[PDB]
Amino acid sequence: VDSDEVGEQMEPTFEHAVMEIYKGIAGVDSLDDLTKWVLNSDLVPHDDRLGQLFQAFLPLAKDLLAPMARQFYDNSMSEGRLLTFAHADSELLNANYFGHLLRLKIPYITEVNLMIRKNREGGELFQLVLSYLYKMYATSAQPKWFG
Amino acid sequence: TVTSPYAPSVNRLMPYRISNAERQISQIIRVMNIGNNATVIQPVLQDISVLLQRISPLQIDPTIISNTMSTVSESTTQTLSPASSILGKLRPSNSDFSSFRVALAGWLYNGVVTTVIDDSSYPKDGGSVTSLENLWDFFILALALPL
Amino acid sequence: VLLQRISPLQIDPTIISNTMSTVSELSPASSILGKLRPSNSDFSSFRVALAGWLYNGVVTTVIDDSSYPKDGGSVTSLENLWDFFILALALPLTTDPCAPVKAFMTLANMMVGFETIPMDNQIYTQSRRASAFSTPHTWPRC
Amino acid sequence: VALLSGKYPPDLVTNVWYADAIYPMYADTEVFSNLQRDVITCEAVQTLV
Amino acid sequence: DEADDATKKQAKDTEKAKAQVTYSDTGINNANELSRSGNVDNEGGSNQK
Amino acid sequence: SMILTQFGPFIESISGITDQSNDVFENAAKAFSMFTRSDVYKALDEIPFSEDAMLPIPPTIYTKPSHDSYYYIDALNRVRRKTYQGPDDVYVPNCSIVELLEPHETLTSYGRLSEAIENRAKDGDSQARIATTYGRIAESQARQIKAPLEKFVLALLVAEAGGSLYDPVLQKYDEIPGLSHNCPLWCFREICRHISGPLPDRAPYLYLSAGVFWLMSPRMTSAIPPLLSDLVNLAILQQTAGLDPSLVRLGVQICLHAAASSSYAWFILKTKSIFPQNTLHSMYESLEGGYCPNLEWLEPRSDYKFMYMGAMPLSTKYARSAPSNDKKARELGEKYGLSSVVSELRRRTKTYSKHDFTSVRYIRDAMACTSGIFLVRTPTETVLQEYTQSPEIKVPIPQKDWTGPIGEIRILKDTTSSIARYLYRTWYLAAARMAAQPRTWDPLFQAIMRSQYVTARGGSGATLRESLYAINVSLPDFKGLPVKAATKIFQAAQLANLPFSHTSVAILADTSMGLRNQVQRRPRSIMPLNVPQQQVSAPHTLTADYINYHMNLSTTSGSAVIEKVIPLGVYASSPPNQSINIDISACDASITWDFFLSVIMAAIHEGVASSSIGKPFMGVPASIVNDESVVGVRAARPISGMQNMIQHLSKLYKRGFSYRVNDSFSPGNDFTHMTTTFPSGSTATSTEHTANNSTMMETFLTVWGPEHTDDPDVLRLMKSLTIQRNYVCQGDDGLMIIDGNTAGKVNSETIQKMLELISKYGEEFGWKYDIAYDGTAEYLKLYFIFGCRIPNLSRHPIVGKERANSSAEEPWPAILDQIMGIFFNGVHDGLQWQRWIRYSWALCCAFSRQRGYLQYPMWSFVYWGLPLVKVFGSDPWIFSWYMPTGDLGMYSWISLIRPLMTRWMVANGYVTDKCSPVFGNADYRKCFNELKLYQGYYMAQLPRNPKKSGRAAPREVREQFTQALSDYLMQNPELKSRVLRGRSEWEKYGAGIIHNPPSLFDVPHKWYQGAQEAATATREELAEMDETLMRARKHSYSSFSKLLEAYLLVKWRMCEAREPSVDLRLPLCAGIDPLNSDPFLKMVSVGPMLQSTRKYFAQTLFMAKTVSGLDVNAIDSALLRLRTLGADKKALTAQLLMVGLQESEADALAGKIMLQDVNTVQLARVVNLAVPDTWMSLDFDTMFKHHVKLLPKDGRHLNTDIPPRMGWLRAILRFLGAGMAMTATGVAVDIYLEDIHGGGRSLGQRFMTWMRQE
Amino acid sequence: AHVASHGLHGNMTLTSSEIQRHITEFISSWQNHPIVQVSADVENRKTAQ
Amino acid sequence: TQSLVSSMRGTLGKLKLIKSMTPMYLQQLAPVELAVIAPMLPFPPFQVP
RNA sequence: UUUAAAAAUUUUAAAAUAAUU
RNA sequence: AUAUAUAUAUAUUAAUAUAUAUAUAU
RNA sequence: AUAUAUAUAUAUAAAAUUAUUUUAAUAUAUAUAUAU
Ligand SMILES: O=c1ccn([C@@H]2O[C@H](COP(=O)(O)OP(=O)(O)OP(=O)(O)O)[C@@H](O)[C@H]2O)c(=O)[nH]1
Ligand SMILES: [Mg+2]
Ligand SMILES: [Mg+2]
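Residues numbered from 1 in each chain as written, not as in the entry; some residues may be left out. Chains lettered and ligands numbered in written order. Part of a larger assembly, values for the part shown. Heavy atoms only, no water.

- Method of determination for the deposited model, per the PDB record: cryo-EM, at 3.0 Å resolution.

- If you check the PDB entry, chain F appears there as RNA-directed RNA polymerase from Mammalian orthoreovirus 3.
- Reading the Subcellular location (unreviewed entry) entry of the UniProt record for chain F gives the comment "Virion".
- For the record of chain F, the UniProt heading Sequence similarities (unreviewed entry) holds the text "Belongs to the reoviridae RNA-directed RNA polymerase family." (UniProt positions renumbered as here; feature names shortened; annotations may be inferred.)

- The PDB entry annotates chain E as RNA helicase originating from Mammalian orthoreovirus 3.

Listed below in structure tokens is the structure:
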């Protein structure tokens, strides 16, 4: 099961739902201005601005993604054993996931792939800020070596 | 410590200063409005009493008297217990310990209020030096009168 | 624990009961052991005090605050007499330098109202705690 | 019984105690308004006379 | 009001719920300070009309 | 007419007219038994109700839709409810019930679920499963009572037939309206009528042991059982509590609106706060006067010592200043159509402007009118609604504030910018100080903590077994044992000879499910953790305990509630002071790994490291693990046993828990569910919750408050508060006292702003504080306003009894305990004393006979505590309920009547030529046998539970079981060496003085029995109890107990009324006012409880701690038998060794035993005289000390003299004085010793022979 | 007390008469207490002034 | 009382001559054990006079 | 010369009733 | 005739669900 | 592949605080006294 499947099956999909998050900020007026207000002229965004953004990103993840996943993973469990991926253990914990929960990790710098790959929804900067938000929604625990 | 500003003012108008005659006259009037009643002056003493209790760092507990008395040795085969008699007659009736603060607040008013000790506190129609429970009454009155 | 596997001594508080159980008769024969005892502290504190002798440069064993007569002795009492006796026996085995002045001021506190002595100021009056002392600057001139 | 049994808290520092026990009663200003009443009382008495 | 607004803007600029460098409610007594409002004109009279 | 013609003598007897007697009692009980439900509803038909009880009933209550549209089926084959409004509508709906029933064979108008539907559902059909789930759940909702409602209604008619009563104190008949103004009875009768219709059978369903049979009528629904239970409760409360009939109407209206809605329990759950929100939380917007208590809290606040200092008058400045409760209350009232009721309450409340008895009675009446039903729903709905909640963590700990891993744990960097650092510091210091204590390193403490959780209650041993099976490890089964199967004793016996690395795989095993309903709250949930999971969670609970008891020290756990917790509310609600009520909503679901458990585990893993460097904890090895906390270094570092356990516990907490749900109400639901909610069955639960509560509040006030608020007022308010002087918490709930300064009550806007700061503080790390600031106290379900406790009568439903399963109830005589409990619950709530006593008389007959019959004489009920009325030709209503229960109570009520008691005997025949010292010449020995006094007095003392006999298991397997259990208990060589040395020393010295000296080898022989009696009783034991009761009834008795005989030699003298101990104008408990004469006089002349006087001779020789398997009785008797005979001290030391103590510790205990001469333990063991339950609220300590005088009134007598070496006798004398004084109605009086027949020395010798014979 | 001392103290039993006796004895003390004598809850015009 | 005074004096007199071996232990065997344990020890002694 | 203070310990392990988290 | 206590003696150990096998019918 | 009757076995429901009540023969026999 792809990692994006549980978020793609929504009328406004999840990433589209979070792209409209710049309205809650005090003033941004556009997604590019959001990516500029968050991290400065490299990655490692401003922690305070990232926190102000996370306080808005969180209710989208607790009230929409968790209820949708709680049904999607049940429907998937009904039709056989499947190997499912996710972006954070909190996704599989809040949505009450059954099975073995294996955290994992890769020996590379994953943040650079978010600039290498091109044809993704929203700018590459938005994909990267989204990855930061998932990493901030992560409930620190040992990822333990994908191999 | 209160603070006042130090700079060119704006010419306030705070009319709060009056002579001594204008104050003694009102004192005479409000003392004339209080003579002989005793239901007009009791609540003032009660209010000052509760204020004294709230401002004072003093506590009251009869456990001090209990522990002090418990160290004297009394015979088990007797008919009179000096330590056990004062402990009995040293518990106030209707369990009110207010009379202390009320007497302490009556010091501010001896021209219109005279705090006397109640007739019930005396030895009930003549004492007798041959009576232990009746000798503790003299002890209590002697300690309590000077206040 | 090393002193445990080594030492031949072994404590027997029944000696106290044997000695006290031959008095005919507030009862002095029922104060130290049967009453005034922590009930959970066995005698590891003893050999911890013994092991503290080797390390008076970094560690300074002192008598706990909770083993004093609780704000005044009042020698008229009996439990406080026993408390004084036990503190006076236990103090010499510690390693802090102010054990003697604490042993003196325990009785000085207990005998307030009966006997008086001149102190150094009005902060460390005779009615202080014996444990509030323990700096060499706080030993009374008297 | 009040005279015989008294006690202070073990952490009593007098200045620190009174510094915040006495503060809340000097933050209200009813005492200053109790003077204009006396002004008007004296004015009324003199006007009647 | 302007001191309060400056404190709030400072809190927003430093991205905190409460600004650390505050311009209002300092320890100083500044009850005589003024500013320029639209209440008074150039003659010194009020600006009701 | 009918009830009168049946039992006029009984009406006369219990109504204080005719002297009571056993014959009228048993005849009335006959009338109760031989009596039918049609007779009940006909008797209800005889009542000519007035217009006052009239009321418009909604007709929609009867025509209801079908159940099919309310349910559906999940993608996981789970039948679950379809919510129509909100995610709360998952309770039983209101639907028809007739189309699913098949006619019962005997009673052709009643029936249960058709077997066709059940079988078709068992085959696997959709509609059949849905219908059977609906039927079973409706039955379970209708089974939540303790007996058939018609029996309670009959008892009510019995009691009320007598009419009004005469007050011996107020000298007048009380004005309580008769049954013709009781609109609950009217609604009950009208609903039963309109449902029955033309059918002859009148009961709409008959409650039975197995299940309920529904009356087959088209006008039937599933809401009727709870509605009828509500109406019965309201009727009984109005008749025995004097509720005014103007608020019972509103209660009945709300119950009707509930029964007319979609679902009943859901409406009652959404509408549970209309009476409190409009009466208690809105009182006194305008004060004019009244008195409130003046308590003063003593200085070392942490110990909870108080002192009452009189009543201070109230004034206008103390009026209510909390924020208004108007807009929200009217919004709630409008959303559900209850706007007229809300407006009526909001109007009637604004007319009380004086803190008075009448206003507190108003609040009590307004709050007794809320329904007291046990809410019920399917288990698969509880598990799917509660366990899906997850924390809402708005400011998580940054990922760059965790070091590398050390096994399963990461450490907080010391330079963290978060707020979790204070949590980490608190738990770290607590763990270090806990582990530093040398007590936690002996085998005895290890063994005590091991045996703490080995109980006879389930622990889901199955999944443990089948998880150990998955790694090819065997386990004994012990085939043929009469012991229960699902018990932690069974698990422990299995897991004796197993290394930790084998059983450690069973730490990740799942847990079974438990359920339990409540009043006005969703059905509880439970999870029992197995033995390994309870073992590995030892450091967590130990550190939580150390925090609760030494470091933070702001809690009421471990303290007596009625001596320390009641006057806390009395102090925190008095007017100058104020109270804020803080609660954490969903506390279990808010404690997870991402904020709390990770920090706590790192803290407990680091703090223990210093003083446990290589040692094993409770049977856990000293494992190793590599760490990466330091950058650039990666080295394997040894750890301890207490750290190995934290490793395993962390790898359990990280994944969450998996619950195996299998409900017996829906066929086809046995799924498994996985949550992150913290369990509610762990040993460490209730302590860590309160530790976290206190820690977060203190870090609040010390750090987070001053760094986010700017106004000087809130800063000065948060700086003057500390958790140890202004905060009290226990588990979830909490309380924050705010003292009043000299200017009066603290300002309201500042307190509000602090409250919203607390609300913002909770959201950063998950918690959701439910804060309530409105001028009333709240703690552990105790309400207070202006220092007046207000009992919540809706929380104690008279008829309600809870049954979270489908198992049948315990057979009679098991219900008499519940009836006595009903009486006592009525006692503690201050009901009208005459009315409540009479109703309890009428109710203790209906539950007295049942099938070759066996009947209780009334004397048994008088022995259990129920106070008499008119026995022996005395005055009506002389005895109060404060008379204790048992021998003391019997002596108390006898000695007050003894002269008349004997002259009546002599006046009807009973005469003999034997001058008894007690009763003179009358022959009590014949009459009391005739009057059935001895019979009841000795039948009451017989147990009413089937004593589970051993079923004679095989010798081989039983020996193996007990041996493996003992091996589990004494696991390390040190305990075994201690006990073996003790046995050797005993056989050297103590051989002969005792034959079976107790040791740590008899613990398994008690665990084995405790596993036995957890099973079900057998018909043999039931018949045995029945025959034993019949035998004990059919003897001929010659005297009371020896203790009561010795008691009856002492006489007393009622001299003077003691001075008042509280003002007669100060309300201290709502409902206890001059209208309630006897409780008022007792309270005002004795005074409330504010002291600590526990343990009136609970002395014993064994002052140490051992395993929970052992008993204090055996060791105490052994030490007493070894100290009275005067053996060598080596015998005492050998006993204390083989009871599992260290050498030095055992010898210190021997010295203890040698001190404290044994004349006191012997009496304490021979006599059983304790303070009864009802005296807990009064000040009995000063009554013992000062107001029961052993020197009689006119001096010495030569009879009351007591020898110098018999001091224990003064104790029993003070007993008898206090009991005889408290039994009589009116005010408590000074009682003086009068005369002891025989003499002081003779009575002392009588007690001394008994003390010696041990 | 007259009628009670009439009645042969050894042969006393409970009675409404005894209840009334104790109640009157009890309420005399509360009536004669001085704070109870001089006290009130509601303010008068003069005290409010 | 004189009885209590005599009992206290007798208790002191007997406690003065209690038969304990801890003092002779401390002076004869304890220092030998400390000296025997001192060399074989992870953290050597650190003393001031 | 006779009398007398006597110990206020615990956290008491399990089974039933009631209150609560 | 019964019961209580005294000394001794003796024996003595204390509801829903599922699985398996038998039988009868299809 | 199934249905019914029978027999056997198995699984399931917790922790804590508070207060009250109960937990040294199992039985018989001889000699002693007493009560009914
Ligand atoms: O059925 C449970 C009820 C609670 N208690 C224990 O009390 C603690 C808290 O109990 P709860 O977590 O159930 O209270 P709550 O959140 O439902 O409060 P509200 O939202 O209704 O306001 C838990 O730790 C649990 O162990 C259990 O012993 N029994
Ligand atoms: Mg709740
Ligand atoms: Mg709760």
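### Points about the pattern of salt bridges
Next, step 1: Inspection of the entire model under this criterion finds 55 salt bridges over all chains.
Next, step 2: For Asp-710 of chain F, the salt bridge identified is with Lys-18 of chain E, shortest N-O distance 3.8 Å. Within this pair, whereas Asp-710 of chain F is found in the loop between α26 (685-704) and α27 (712-719), its partner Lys-18 of chain E is found in the segment after α1 (2-14), the two belonging to separate chains.
Next, step 3: By relative accessible area, which is 21% here, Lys-18 of chain E ends up partly exposed.
Next, step 4: A salt bridge links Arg-320 of chain F to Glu-285 of chain F, with the shortest nitrogen-to-oxygen separation between them at 2.6 Å. Pair noted here: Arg-320 of chain F is in the loop between β10 (308-313) and α12 (327-335) and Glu-285 of chain F is in the loop between α11 (275-278) and β9 (291-295), with a separation of 35 residues, a long-range link.
Next, step 5: Under the relative-accessibility criterion, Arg-320 of chain F is labelled buried at 14%. (Salt bridge = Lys/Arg side-chain N within 4 Å of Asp/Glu carboxyl O. Helix = DSSP H or I, 4+ residues; strand = E, 2+ residues; numbered from the N terminus. Buried < 20%, exposed > 50% of the residue type's maximum accessible area, 1.4 Å probe, protein only.)

### Some words on the interface of chain D and chain F
Next, step 1: On the chain F side, the residues contacting the six residues of chain D number five residues.
Next, step 2: Interface area for chain D against chain F, summed over the two sides, is near 530 Å², with a carbon-plus-sulfur share of 66%.
Next, step 3: There are zero salt bridges connecting chain D and chain F.
Next, step 4: Counting across the interface, chain D meets chain F through two residue pairs in polar contact.
Next, step 5: Looking at the side of chain D that touches chain F residue by residue, the classes come out as five nonpolar, no polar and one charged. (Contact = heavy atoms within 4.5 Å. Buried area = accessible area lost by both parts, 1.4 Å probe. Polar contact = N/O pair within 3.5 Å; in protein donor to acceptor, adjacent residues only side chain to side chain. Nonpolar A, V, L, I, M, F, W, Y, C, P; charged D, E, K, R; others polar.)

### Remarks on the interface of chain F and chain G
Next, step 1: At the interface, 36 residues of chain F touch 21 residues of chain G.
Next, step 2: Summed over both partners, the interface of chain F with chain G comes to about 2300 Å²; 62% of that surface belongs to carbon and sulfur atoms.
Next, step 3: Taken as a group, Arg-1053, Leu-1064 and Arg-1065 of chain F account for 17% of the area that chain F buries against chain G, more than any other trio of residues on that side.
Next, step 4: Its salt-bridge partner being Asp-41 of chain G, residue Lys-354 of chain F comes within 3.3 Å of it at the nearest N-O pair.
Next, step 5: Counting every contact that joins chain F to chain G gives eight residue pairs in polar contact.
Next, step 6: Secondary structure elements with two or more residues in the side of chain F that touches chain G: α33 (898-907), β28 (1050-1057) and α41 (1077-1086) of chain F.
Next, step 7: For the side of chain F that touches chain G, the per-class residue count stands at 21 nonpolar, six polar and nine charged.

### A look at the sheet that holds strand β24 (residues 783-785) of chain F
Within a sheet, neighbouring strands are paired by backbone hydrogen bonds and run either parallel or antiparallel to one another.
Residue and element names in this part refer to chain F.
Next, step 1: Ordered in space as β23-β24-β25, the three strands form an open sheet in which the pairing is antiparallel. The open sheet has two free edges, formed respectively by β23 (777-778) and β25 (788-790), since each of these has just one partner strand.
Next, step 2: Where β24 lies against β25, three bridges are found, and the strand directions are antiparallel. Along β25, the bridge assignment pairs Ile-785 with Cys-788. (Pairing = 2+ DSSP bridges.)

### Comments concerning the protein's contact with RNA strand K
Residue and element names in this part refer to chain F.
Next, step 1: Taken together, the neighbourhood of RNA strand K is formed by 36 residues, with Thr-455, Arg-457, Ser-460, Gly-681 and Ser-1117 sitting nearest.
Next, step 2: Between RNA strand K and the protein, one listed contact pairs a phosphate oxygen with a side-chain N or O atom of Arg-457 at 2.9 Å.
Next, step 3: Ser-1117 is positioned with one of its side-chain polar atoms (N or O) 2.8 Å from a base nitrogen of RNA strand K.
Next, step 4: Contributions of two or more residues to the surface near RNA strand K are made by α18 (461-468) and α42 (1112-1124).
Next, step 5: Counting residues per element, the surface near RNA strand K draws most heavily on α18, at three residues. (Near = heavy atom within 4 Å.)

### With respect to the site of ligand 1
Residues and elements named next belong to chain F.
Next, step 1: Every residue lining ligand 1 is accounted for by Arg-521, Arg-524, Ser-525, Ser-585, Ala-586, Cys-587, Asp-588, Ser-680, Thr-685, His-689 and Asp-732.
Next, step 2: Between ligand 1 and the protein, one listed contact pairs an oxygen atom with a backbone N or O atom of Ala-586 at 2.8 Å.
Next, step 3: Side-chain polar atom of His-689 to an oxygen atom of ligand 1: 2.9 Å apart, as the coordinates give it.
Next, step 4: Taken together, the elements giving at least two residues each to the shell around ligand 1 come down to β14 (524-526) and α26.
Next, step 5: Of the residues that constitute the shell around ligand 1, the class distribution is two nonpolar, five polar and four charged.

### As for the sheet that holds strand β22 (residues 769-772) of chain F
Residue and element names in this part refer to chain F.
Next, step 1: Taking strand neighbours across the sheet as the criterion, the four strands line up as β20-β21-β15-β22 in an open arrangement whose pairing is antiparallel. Two strands lie at the open edges of the sheet, namely β20 (728-730) and β22, each paired on one side alone. The mean inter-strand angle of the sheet, taken between neighbouring strand axes irrespective of direction, is 15 degrees.
Next, step 2: Here β20 runs beside strand β21 (residues 733-738); their pairing, made up of three bridges, is antiparallel. (Axes fitted to C-alpha atoms, helices over the stretch in contact; angles between N-to-C directions.)

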